[PDB]
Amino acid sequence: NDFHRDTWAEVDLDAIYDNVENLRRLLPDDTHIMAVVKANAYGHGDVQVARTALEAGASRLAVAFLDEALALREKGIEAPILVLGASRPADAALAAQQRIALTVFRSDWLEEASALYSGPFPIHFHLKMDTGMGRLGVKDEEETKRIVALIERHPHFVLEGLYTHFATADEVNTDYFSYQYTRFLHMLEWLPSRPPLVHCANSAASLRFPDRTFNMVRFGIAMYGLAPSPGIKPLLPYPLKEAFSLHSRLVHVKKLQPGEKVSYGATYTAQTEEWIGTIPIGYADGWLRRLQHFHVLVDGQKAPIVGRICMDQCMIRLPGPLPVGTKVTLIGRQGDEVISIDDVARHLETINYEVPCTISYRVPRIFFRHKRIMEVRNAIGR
């Protein structure tokens, strides 16, 4: 695959292998790892991360909605995939044919699906319980038993799993975590029998309490080498390896005289004789306008973004006359200096999860494995 703009993101797949393998070491052998690659693997490349995670010890994959699961199938992934979110009852036949497990949390969904499906493939369900997140999931005993009965009555419906999700597993203070875990324990007793897969842990819960994970963990953010929250960094068992880096190159260089203005709204004004560089990356690439007072790395040094950010490019003050084509690093390391996703996140005033997800389809992803380039993936490519 190829790309024709000097702006690209690099994804280090060795880092992803390490982050997942260290977890395989940490957890009991009887506990499986479900790698969650929703949102195109948190903006890292769905099938590439999936292939790598399965190599390091993962056995299942999790995705947010049906299309994401189907896309993984079309690219040759044969491992089990669980759709964590909602789906249409009409799509039950397609899920069953493609061996995609579904999350279920209401009986009226099942009422509706028994009526539209009748074999021959089995559909594996994972009952979702709401123990305090308030998102999706059952909350009463009458509804829990209704779902289980409806599943038991259809010969092609199978209850393969049961799970919940924590809202504060990444907080140093475990008070709410405890209420939720205890509630899950109370809620599991409402089932006539334990299905084979009971899971509740996300990255934070499984890295902090490996013995409290039952038989399957849903590993996300930590797989990419990003800490679940600033709170728990020191509580992490093994060092995490950041996998995403973002780069560009100088396409224009020029010296300004005192008084000349730069960019939209002509916000910036040079005061001495300064060198301004232009890079081909803007907000349509996920490098949002709010980052106008941030900086990038040029030739081992910090250089500020100058003026407002444009849709496809932005300007930065240079230390002096640098050659056109000089590599600029937006996220990553250049010498002794480094800009991490948490740094960008802080400036954007968000969590690290939101940063790689926002780097758009427009930006090519170059995959590295064994310290060498594996493949290039340009979404708007030929």
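In case it trips you up, residue 1 is the first one in the sequence shown, and so on.
- In this crystal structure, the stretch out of 239-247 and 297-305 whose C-alpha atoms carry the higher mean B factor is 297-305.
- For the two regions 69-77 and 110-118, the entry's Cα B-factors average higher over 110-118.
- For the set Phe177, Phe219, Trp190, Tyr283, the PDB entry assigns the largest Cα B-factor to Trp190.
- Highest C-alpha temperature factor among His165, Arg290, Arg135, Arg212 per the entry: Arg290.
- Annotation for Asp312: C-alpha temperature factor in the lowest third relative to the rest of the modelled chain, per the entry.
- Ranked against the other modelled residues of its chain, the C-alpha B-factor of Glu160 as given in the entry falls in the middle third.
- When the modelled residues of the chain are ordered by C-alpha B-factor, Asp343 sits in the middle third.
- Among the modelled residues of the chain, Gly265 sits in the middle third by CA temperature factor in this PDB entry.
- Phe184 sits in the middle third of its chain by CA B factor, as recorded in the PDB entry.
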